[PDB]
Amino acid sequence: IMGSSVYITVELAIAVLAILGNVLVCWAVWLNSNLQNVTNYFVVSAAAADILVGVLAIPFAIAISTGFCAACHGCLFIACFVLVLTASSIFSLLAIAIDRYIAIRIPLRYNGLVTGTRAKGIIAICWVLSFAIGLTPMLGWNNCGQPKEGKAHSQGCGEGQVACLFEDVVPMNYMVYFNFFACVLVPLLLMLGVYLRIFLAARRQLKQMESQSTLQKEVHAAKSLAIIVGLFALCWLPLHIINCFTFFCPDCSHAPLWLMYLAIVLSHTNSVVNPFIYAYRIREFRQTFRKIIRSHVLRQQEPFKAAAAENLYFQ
């Protein structure tokens, strides 16, 4: 229960990269006026949620790995808060995919259908679903009725306290039957379905060229969605597949602790790549990113630049 320092520090690294990249995304929309359109509300939402994952969710996740002494229901609330915030991250990422779906399939009415007000509707829905799902264990679907005294004793916890571990407060059936399907499998299948429809649009345009600018938009879009989906599956499936193994094999010895830490960390790394890489693949975002990091360097190197120039003067 002591914990692994290697895990803690790698987990801390991800939090920083998640905050850096997504502040970068949001900063870029505030400065650049070209980036201030409806389509980017979905990108800003996702970036905002990823920040909260770095600031709030990952620090909370670190705590839950240590098995510190606390009231079971306090421990459950922290685990639930990790679930809500990561869920919002997933759902707001889905919103980007549904947006691109409408944009490519119904390009005419898109501008009349996907308005700034309706975009905030969708954003709110993302957060309603996140709370409803991640807080579900609060309503009674939890392991707090059956505390572990033997483990609580070994950690030297006072009476009425337990070792705060994730798998000790959050039930595996909740994780497997509700959380995995609602939060991971459905969104993944929906996003994969969106990618397959954009790909097929590109294939139809390409087949027409076998007889003598929309094709470039669709090929770029399909690539962007392949990245999102590929990364999302690589980041989220290992941890949840592990959870299924744990649930369906109660007699099996538990999956190694190093694999657990790797999978948890892997799931958190979705908040640094999604949707940074997506935004980074729009030139307008990419150029604005340069102006910001540029101005950060021509203002941090100044003490050493002035020193070197003065050192050469009297050389």
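In this text, residue numbers run from 1 along the sequence as written.
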Other entries modelling both neighbours but not residue 143, at least a third: no
Other compared entries missing residue 210, a third or more: yes
Missing residues, deposited sequence, between residue 212 and residue 213 (class: none, 1 to 3, 4 to 9, 10 or more): 4 to 9
Per the entry, higher mean C-alpha B factor between 152-160 and 193-201: 152-160
96-104 versus 181-189 - which carries the larger mean C-alpha B factor in the record: 96-104
Out of 136, 243, 208, 173, highest CA B-factor residue: 208
Per the PDB entry, maximal CA B factor within 46, 56, 277, 69: 69
Ranked against its chain, the third holding the CA B-factor of residue 122: lowest
Cα B factor band for residue 29 (lowest, middle or highest third within the chain): highest
Third of the chain's Cα B-factor distribution that residue 220 belongs to, per the entry: middle
Chain third (lowest, middle, highest) by recorded CA B-factor, residue given as residue 147: middle
Entry-reported Cα temperature factor of residue 140, expressed as the chain third it lands in: middle
